[PDB]
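Sharing a structure, written as structure tokens. Questions coming.
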Amino acid sequence: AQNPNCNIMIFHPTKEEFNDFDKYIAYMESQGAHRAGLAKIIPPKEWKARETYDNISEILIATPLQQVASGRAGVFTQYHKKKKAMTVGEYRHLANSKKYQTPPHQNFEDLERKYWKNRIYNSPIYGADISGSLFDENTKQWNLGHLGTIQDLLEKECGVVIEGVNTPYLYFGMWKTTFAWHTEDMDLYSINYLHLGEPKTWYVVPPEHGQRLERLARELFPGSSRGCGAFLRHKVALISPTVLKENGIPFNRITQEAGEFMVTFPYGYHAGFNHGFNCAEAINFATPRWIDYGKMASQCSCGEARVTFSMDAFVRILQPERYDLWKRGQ
Ligand SMILES: [NH3+]NC(=O)Cc1nn[nH]n1
Ligand SMILES: [Cl-]
Ligand code: NA
Ligand code: NI
Ligand SMILES: [Zn+2]
């Protein structure tokens with residue numbers, strides 16, 4: 001068995017290997033990459049996403065979200081307070097202001113330590129989930145707005161035609177902006193490209209061990225757990241690497257830099273934080289290997305997790321016994 005310790009693998013496809021997206025995801029899985037829950041893909045040197053990021057400042061962040069924490073430094077929740085609209089240029093200026101700017105630090109490890117020591121004491125502002133794309137239309141390889149749709153994948157695998165659309169999202173980050181522990185909707189894959197700016201640090205639990213994380217989360221966030229049997233889908237809980245190690249939870253970490261792709265695999269729980277001003281693009285995707293995961297994915301039916309219209313068909317077809325209850329939650 002490949003990658004039995006579930007390490008995060010890093011891949012360097014050639015330009016030729018970068019042509020067929022689906023083929024390369026299957027190749028990475030052949031090497032055991034999926035066992036980790038996350039892989040890094042460094043594009044060939046001949047590749048670029050777009051020509052320059054000089055002209056992005058006018059993009060609107062309609063609802064920037066202030067991420068306010070509650071709890072203790074290693075075990076906290078965050079809630080998203082809505083703020084007034086601003087442009088990407090205005091956001092960038094805010095991110096670089098003394099109130100929000102990355103502190104002086106020695107290296108990624110020193111910054112990580114600062115993050116987990118001091119995150120709760122600040123409330124950074126995040127531009128998330130903005131439908132759009134920064135790939136140029138002429139970029140033919142690894143263009144996150146041109147990948148095979150999940151709807152077509154379901155059709156191809158199981159023979160039925162469903163409604164829905166699958167488009168990418170943009171994210172504008174700043175120091176301390178945080179993504180809580182989660183798997184994707186319906187335990188889909190995700191792919192994430194860091195277009196510009198400062199790094200993003202990732203934590204990930206191997207899929208084969210995702211229930212260990214769930215069990216610790218239920219222990220650490222007892223009220224939330226009583227509220228919903230799939231509360232991690234609310235995307236608000238944070239647990240530090242120190243606390244994960246104290247509790248014996250298998251996990252790995254890696255830092256993504258601008259120009260790099262990260263793929264998350266089905267049922268790979270992940271969390272992390274941005275180092276400073278950045279912009280990323282991401283989208284969920286499927287492969288034939290996902291179908292089994294989709295059929296088995298937990299769902300949140302308490303109301304809190306609210307999701308895209310596209311989800312409906314995936315629950316309806318893959319999880320008919322659960323559909324009525326999930327729909328009520330919606
Ligand atoms: N799937 N990708 C992630 O969860 C990464 C992310 N970064 N900001 N919000 N989420
Ligand atoms: Cl700090
Ligand atoms: Na490890
Ligand atoms: Ni994710
Ligand atoms: Zn819920």
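Count residues from 1 along the sequence. Whatever order the structure lists them in is the order used to number ligands and atoms, beginning at 1.
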Worksheet item: Any ring pair (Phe, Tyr, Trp, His ring centres under 6.0 Å) pairs touching residues 129-157, not counting sequence neighbours?
Response: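 Residue pairs with at least one partner in residues 129-157: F18-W142, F21-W142, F135-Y193, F135-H195, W142-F261.
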Worksheet item: Who pairs with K40 by side chain to side chain donor-acceptor pair (under 3.5 Å), at least two apart in sequence or on another chain?
Response: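 In terms of side chain to side chain donor-acceptor pair (under 3.5 Å), with neighbours along the sequence ignored, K40 is linked to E260.
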Item to complete: May I ask you to check whether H275 and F273 place their ring centers less than 6.0 Å from one another?
Response: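 Yes, close enough.
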Worksheet item: With ring centroids as reference points, do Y267 and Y293 lie under 6.0 angstrom apart?
Response: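 Centroid distance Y267-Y293: not below 6.0 Å, so no.
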Fill in: At the Ni ion (ligand 4): angle between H270 atom NE2 and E184 atom OE2, to 10 degrees
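With the Ni ion (ligand 4) as the vertex, the angle is close to 90°.
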Worksheet item: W202: what forms a ring-ring contact (aromatic ring centres under 6.0 Å, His included) with it, not counting sequence neighbours?
Response: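 Expected list: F179, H270.
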Worksheet item: Are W116 and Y121 an aromatic pair by the rule of ring centers under 6.0 Å?
Response: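 Aromatic pair excluded; centres sit 6.0 Å or further apart.
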Worksheet item: Protein residues near ligand 1, heavy-atom distance below 4.0 Å?
Response: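 Close residues (ligand 1, cut-off 4.0 Å): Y126, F179, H182, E184, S190, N192, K200, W202, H270.
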